[PDB]
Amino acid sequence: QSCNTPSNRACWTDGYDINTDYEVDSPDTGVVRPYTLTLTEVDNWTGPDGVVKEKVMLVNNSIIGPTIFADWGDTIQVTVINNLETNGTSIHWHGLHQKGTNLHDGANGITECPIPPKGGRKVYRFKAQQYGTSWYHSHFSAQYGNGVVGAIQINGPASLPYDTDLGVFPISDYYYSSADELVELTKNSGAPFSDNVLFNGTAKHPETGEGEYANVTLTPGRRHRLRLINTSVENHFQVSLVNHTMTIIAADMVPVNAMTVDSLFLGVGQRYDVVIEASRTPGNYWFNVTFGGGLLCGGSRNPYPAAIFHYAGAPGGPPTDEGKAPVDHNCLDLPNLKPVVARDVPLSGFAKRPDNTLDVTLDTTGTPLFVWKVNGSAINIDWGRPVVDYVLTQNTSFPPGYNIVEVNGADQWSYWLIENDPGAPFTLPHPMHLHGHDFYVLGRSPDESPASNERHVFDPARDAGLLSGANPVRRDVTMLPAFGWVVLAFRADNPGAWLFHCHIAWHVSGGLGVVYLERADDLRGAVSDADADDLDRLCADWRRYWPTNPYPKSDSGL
């Protein structure tokens, strides 16, 4: 029986609460949550701001798919039906650690082959051994930029009481060009501005006024949970609610001790759960997106993207207080979040070495102009020959573009200094994302404006003081600063092939990623006959389909 109430959100059930180590213990509900998702391709689709898009790719006929709802401890089973015309697809459950279920991670070329179009299907099955807000999206090149996105809401305890859960609130850049058109563009030009920003799938057009603002209703006097998600392909957002603060209670899938802020930076793929108290004069208030960092991590052709938060009982119409711009967040996420379930990372004798350093670089000396590399190699996988097929067939002859980084030893700690192109003339902020794990942010280069051109190259002597293992930020996306660095660590507790990549679609398309091959021998030993059978069958189906495809693979595949 549940003990989770508005006044006691910390409690879940007997023996299970906000302090439970959810990486060890989850309720055994015995419950399965089956879902079916169907992808379709639509030409000349009238979008939410009135502009007709040449082509979109939708989950259940929307550019935001159905939300995957579950409770902590449930089993989730998602049948994905690919009714696109030519593209394969693979659906990644972003933020779900897939503990012991690597082959359900949905990373084509890594953990599976793509699902063939015109009716291909597969069933993903995984456990809700975490709770909080996540999202799902295609990993088939930049396909999710066409609309193959949705939210995940796994209910469980929380670090603050609240009366009402308002639900998921995904915010996304929106382009009139297709994802494939934008990959082609960004091979030889920088990232463009978004045409608009959609809040829960809607917005007004900045010139015509067609469309509608998202409209979120607050109950006067009450505390409301809002589940923010940046589902963009490139835009990084600063969000703020006029005349209201937001109290953070979770970052990505990790509950944190409450932190009240006036505005919030959401990198691509980041989530924040916040509590908003409706304690102001009843009215209508803008929920604004703004951009900082010299627009180096996004801008939009809509100068004032916004939603409306409406107090129940107040008048209708638009807010009248335009509010003030928030502080410039410098394309940086919060460095001081504190997980409720605290952990210490050993930091005794850490030093920079070839085997714990990964340099992100941009190579502009060839064709295409923008080639992204990690440790000197642009990632490039073969959709028909996924990493885990090499592991299972005991083939160690990975192509160089697979960017395999071996991580061995059960329960080892794996440390990584990520450097942003030391010495380069121009660098960009990067939202770095690890599959299969939360990582720990041990430190990063001093906060700067990314437009300041102030360089920081990690100096092991000088910069040890910037590193700490005392309950570090723990999450699954964090920012690599322009002209700087970040040190990350994770525990080798999950045998699998795990992508680690920049979540800007143009960058991972263009080569910015590696594959952590974690405990490969253990992975081979743990993969069930059923998982191996399903891998092999889908890969056979994909390989039979691929030569009939009218289009080439245009990029890394990721």
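A residue's number is simply how far along the shown sequence it sits, counting from 1.
Once the C-alpha B-factors are averaged per stretch, 460-468 and 424-432 rank with 460-468 first. Averaged over Cα atoms, the B-factor as recorded in the entry is higher for 397-405 than for the other of 438-446 and 397-405. Each of 72, 174, 309, 93 has a CA temperature factor in the record; the biggest one is found at 309. In the deposited coordinates, the residue among 98, 111, 247, 208 with the greatest CA B-factor is 208. Placement of the Cα temperature factor of residue 475 within the chain: lowest third of the modelled residues, per the deposited record. Residue 347: CA B factor in the highest third of modelled residues in this chain (values from the PDB entry). The deposited CA B-factor of residue 545 belongs to the highest third of values across its chain. Residue 189: CA B factor in the middle third of modelled residues in this chain (values from the PDB entry).
When the CA B factors of the chain's modelled residues are split into thirds, the value for residue 455 lands in the middle one.
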